[PDB]
């Protein structure tokens, strides 16, 4: 009997033991929650199934967030097993690699933009709708993951900046739409973390190294720190908070410039 005794949570975005989603799952499971998981396609099925069982779960559903059908069907199959749901965690973002490698103006094509926004922003709004029924049942909550490249420029984060800003406004629109029904909607803006969200990003070590120098606490956050703040936002302790973008960046966003 810990903080989330008897509570249920769907977790979209486990790719690896390094995912932010995995730090969240683990913090939620630590506190007594029962877990469900999506996987984007066949190739990942077996690795996700595997992670689910590590959490006492065998509730593992196909969900590619590009396909309208895949979304509703995943929430449908989940209705069979679950009465309701205490939260939906969205840890999904993606842009074609090329849009994230170079000058913003040169490399930002229309398809790269469509994919960035569709997978990284619209999808949260879609999952939310597909999940409304199951969330009204328990007055659960939604959480997504954003990045402060929405507010301030980072080199090569590019169209993902625009997509996250879209996400953030989404959070607010959802919180206003769903609050009436007692559904809370929040986000965590996490500092950079070495996950498979770094693969193919040439600058990544040097980004991480700058963060470590600039941030008030002089260190980079972990998936355990993002997890624990996710846990809080997913728990009755966060009952007075909706439409919030909670920064978990060891204070980086607060610095206008560091000792050089």
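Residue numbers count along the first chain shown, from 1.
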With respect to the recorded C-alpha B factors, which stretch has the higher mean value, 104 to 112 or 143 to 151? 104 to 112
Residue range whose averaged C-alpha B-factor is higher in the record, 31 to 39 or 226 to 234: 31 to 39
From the list 178, 78, 95, 190, select the residue with the highest C-alpha B factor recorded in the entry. 78
Cα B factor band for residue 173 (lowest, middle or highest third within the chain): lowest
Going by the recorded CA B-factors, say which third of the chain residue 82 sits in, lowest, middle or highest. highest
So where's residue 257 on the chain's Cα temperature factor ranking, which third? middle
For residue 133, does the deposited CA B-factor place it in the lowest, middle or highest third of the chain? highest
Compare the C-alpha B factor of residue 207 with those of the other modelled residues in its chain, then answer lowest, middle or highest third. highest
